[PDB]
């Protein structure tokens, strides 16, 4: 059945902060895995997330996504690789209990309640295609069926329906990020989504505004592939929706290939490349709600990508301008967006940039986990420097701007310019029309823009600085610094646009 349309409006407003639990904040030094895949302290826990909720909210985020927190039970005599895998949460044993290296059921309850108190949605990480060999039966006596990886469908469906509704009914979480979602067939996703919607509509909590609300029931698939595969294995056909939201890996790659370079070194692209990527949204069915991230726990940090391509390093101003340009693109992107912890301060692993292959896992340096670095949370685990504070304040400005302007989060996109040096989108929702423009070049340039090309009948006003841009003979002349972004309100839109 259809993507439930109330969630659709809510989902376009999501600004999600992703935390990798084991590598985030060691809030209780008495517990923690103490080993894992990555260079972090490996003692991140639920208390550390609870300690970070004020920080996450002040960033302007309105939701948090935790990597799996369920109980990965060690088996006597298992090797250190298995010890490290237990720290990731992605090969779990008891889907219905909290891993004690992260915390207790009571602390997981406390976390969700306090997040809701502060106006944040909470999403958990559901791995419904695989698990550890010692999986334990559900409270209702169910087990997944088949191999440990991947499990068999539809034999395993009843079990994972029970998992997916349990955490909603017990903790009132607002939905699920779905790991490696193509391991679960589309018919199963339709039924799991029905279970999620039914469980969500069966409970309420009091949000920060004082209203009793159902948990969102949001579900976002991780399908690390191009649009044709995200459609085939995630969204389903037009008229027969499987899932309603999936991560926008294709545009993530276009963004890092424009403002940095990707892990394989493709980079130095321009606005034309970004536009071509956004245009491929036309391949998706009408119900698809792509979710743009710049990175995650499986991708190299943006700042390390900048160093890997010999593009920039934190000692150079351009390192920060490129972060701002990439984050500004996310802020202008309609639909849910996800920020990976540390991008807001330009994090990067000291001493690391080039790809490390031999012996990378025992070092914490493989591409697929090197971003799992100890979190730098201002006032909690770090005192930020001037450039770090400047980027974090910029991100707070973007998230605030996004919250106030429907054109950014749910506006219709019309590309105005997409060449090698600039990218200009017109965004409009109801009576909110603006221009998003971002430089894609290390050269200062002045952009000549016809008011008649953007349905502007008057001035343009910068929504962050308030600078007014007036037309002469119907044309604006806008100076763009290298990789500068501008959010320009169309103060008087034309009768027709």
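Residue numbers count along the first chain shown, from 1.
If you average the C-alpha B-factors over 281-289 and over 121-129, the higher value belongs to 281-289. Judged by mean Cα B factor in the deposited record, 442-450 ranks above the other of 442-450 and 50-58. Highest CA B-factor among 194, 274, 181, 112, as stated in the entry: 194.
Considering 468, 437, 69, 63 together, the PDB entry gives 468 the largest C-alpha B factor.
Ranked within its chain, residue 252 lands in the lowest third, by CA B factor from the PDB record.
For residue 23, the recorded CA temperature factor ranks within the middle third of the chain's modelled residues.
Split the chain's modelled residues into thirds by C-alpha temperature factor. Residue 32 is in the highest one. Ranked by Cα temperature factor within the chain, residue 420 sits in the highest third according to the deposited record. Sorting the modelled residues of the chain by their CA temperature factor places residue 334 in the lowest third.
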